[PDB]
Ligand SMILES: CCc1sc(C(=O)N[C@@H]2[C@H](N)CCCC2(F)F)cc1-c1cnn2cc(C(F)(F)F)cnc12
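One chain comes next, on its own, written out as structure tokens in the form deposited without the named molecule.
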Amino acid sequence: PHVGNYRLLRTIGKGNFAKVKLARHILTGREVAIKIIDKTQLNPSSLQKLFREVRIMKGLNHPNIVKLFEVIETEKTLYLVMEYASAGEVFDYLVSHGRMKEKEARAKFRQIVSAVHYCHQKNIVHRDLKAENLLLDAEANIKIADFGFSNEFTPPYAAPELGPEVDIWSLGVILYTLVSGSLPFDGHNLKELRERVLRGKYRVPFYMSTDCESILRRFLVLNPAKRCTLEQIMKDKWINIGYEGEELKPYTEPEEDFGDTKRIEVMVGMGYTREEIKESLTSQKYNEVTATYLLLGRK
């Protein structure tokens, strides 16, 4: 029932070595997801990469990337407390609600490209971008997950080869699925999905624009060597239709705002101290205090 300052609700996945549970922060009331890894059943050399990745994850601060809130360690279990993407995966939205119009696709594909660039600019490659890591918040906004983990977590969207080019392909496939509503390289067996992915030959539906087709080509080049850079593709005509004086730019992080008196007053009323709060936010130790500060500004 309880972990940290979090009441546990219901399980929402069970990968290899990791299981995610939906939860409810008692102090603030807000809603969160919690990845639970058993350290028991781990190669000690892997923990050197687990925590290494947890370091990167703390550095991720983008509106379309799942933010870390609190870390809770016991010698047995690691609890990672994250954002919950309430609306769920994108392809369950594309099967259920059909294809997206180029306006909606554009909106969502900007958020994606912003996030992936920012992460590339911090030398992070997902290399596993797929159906399950593209998510949506309540307000229908992209939330990319497990970006920077190499875990077991909880083939179509991957390149004909199988750093940044592995994702460029992946983005191309995603763009296709957004506008078309279907996978470019699907099928029954996995000997089939090679033939289609390796040819890269897709079908261009009648409703897809010429501009959209054009940008699709930039992404899905069969030689990674000639594939276009996200830096460039941010300037594509298609990507910036309807965003005239808002041409897509690389995401730059906000300043620290660790001095919100109104939140601190509340936290003081929760039993924390001014010193505890200051020490905790500065050191960025992702403790009960840092979490409570972030959740208190979430909505």
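Residue numbers here begin at 1 and follow the sequence given. For clarity, a rigid core is taken as the largest C-alpha set superposing within 1.5 Å between two forms.
Omitted here: the form solved in complex with the named molecule. The next part is about that form.
When the named molecule is superposed onto this form from its pose in the entry with it bound, 3 or more of its atoms lie within 2.4 Å of a backbone or C-beta atom, and the site is blocked. Checking 27-35, 44-52, 241-249, 264-272 against the named molecule in the entry with it bound, the stretch whose residues place heavy atoms within 4.5 Å of it is 27-35. Interface residue among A145, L78, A159, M100, judged by heavy atoms within 4.5 Å of the named molecule in the entry with it bound: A145. With the partner removed from view, the residue among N151, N141, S182, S86 that has a non-hydrogen atom within 4.5 Å of the named molecule in the entry with it bound turns out to be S86. Using a 4.5 angstroms threshold between heavy atoms, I277 stays clear of the named molecule in the entry with it bound. Proximity of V71 to the named molecule in the entry with it bound falls outside the 4.5 Å heavy atom cutoff.
Mapping the unseen interface onto this chain, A18 counts among the residues with a heavy atom inside 4.5 Å of the named molecule in the entry with it bound. The named molecule in the entry with it bound comes within 4.5 Å of a heavy atom belonging to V66. For the stretch 116-138, the set of residues having any non-hydrogen atom within 4.5 angstroms of the named molecule in the entry with it bound comprises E132, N133, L135, in sequence order. Comparing the two forms between the shown form and the other one on the rigid core, the single residue of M267, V32, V66, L50 with a CA shift of 2 Å or greater is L50. For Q232, a C-alpha deviation below 2 angstroms is recorded between the shown form and the other one after rigid-core alignment.
The two forms, fitted on the rigid core, differ between the shown form and the other one by less than 2 Å at the CA of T252.
Whereas the shown form places them at one spacing, the Cα atoms of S46 and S170 lie at least 3 Å closer in the entry with it bound.
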